[PDB]
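To keep things clear, I will list the structure first and then write my remarks on it.
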2 protein chains.
Amino acid sequence: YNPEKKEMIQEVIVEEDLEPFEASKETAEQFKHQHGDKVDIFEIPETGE
Amino acid sequence: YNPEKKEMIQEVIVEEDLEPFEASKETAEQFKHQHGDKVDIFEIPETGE
């Protein structure tokens with residue numbers, strides 16, 4: 001606890017526009033009910049991971 | 001029939017490399033059994049056409 005650094009909740013700075021955003025293979029299990037149906041799926045195996 | 005231009009069967013010249021290649025919506029019907037299973041499918045509707 002450092003009273004000169006009380007921690008809180010915020011957001012950060014921006015980029016040049018080219019971005020869809022992925023995930024990895026670890027905590028899919030509790031953490032899966034935020035977004036909604038917002039994908040550009042391809043269920044045909046041409047990809048791999 | 002122009003005997004100075006007898007027609008035959010050949011191929012053409014090349015480009016810089018960025019190319020997968022699509023199709024349209026017209027003669028899918030007789031013409032569908034050349035290639036094989038060579039796609040990077042996405043059966044999830046995120047695309048549209």
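Ligands are numbered from 1 in the order shown, chains are lettered A, B, ... in the order of the structure tokens, and residues start at 1 in each chain.
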
Each residue of chain B lying at most 9 Å from stretch 31-41 of chain A should get a row with its shortest atom-to-atom pair and the distance in Å to one decimal, counting only C-alpha atoms; could you produce that, ordered by chain and increasing number, as CSV?
```
residue,atom,partner,partner_atom,distance
B:42,CA,A:41,CA,5.4
B:43,CA,A:41,CA,6.3
B:44,CA,A:41,CA,4.0
B:45,CA,A:41,CA,6.3
B:46,CA,A:40,CA,3.6
B:47,CA,A:40,CA,6.1
```

Which distance in Å separates atom CA of residue B:21 and atom CA of residue A:17, to one decimal?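 For atom CA of residue B:21 relative to atom CA of residue A:17, the distance reads 26.1 Å.
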
Grab the atom CA of residue A:48 to atom CA of residue A:22 distance for me, in Å with one decimal place.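 It comes out at 13.9 Å.
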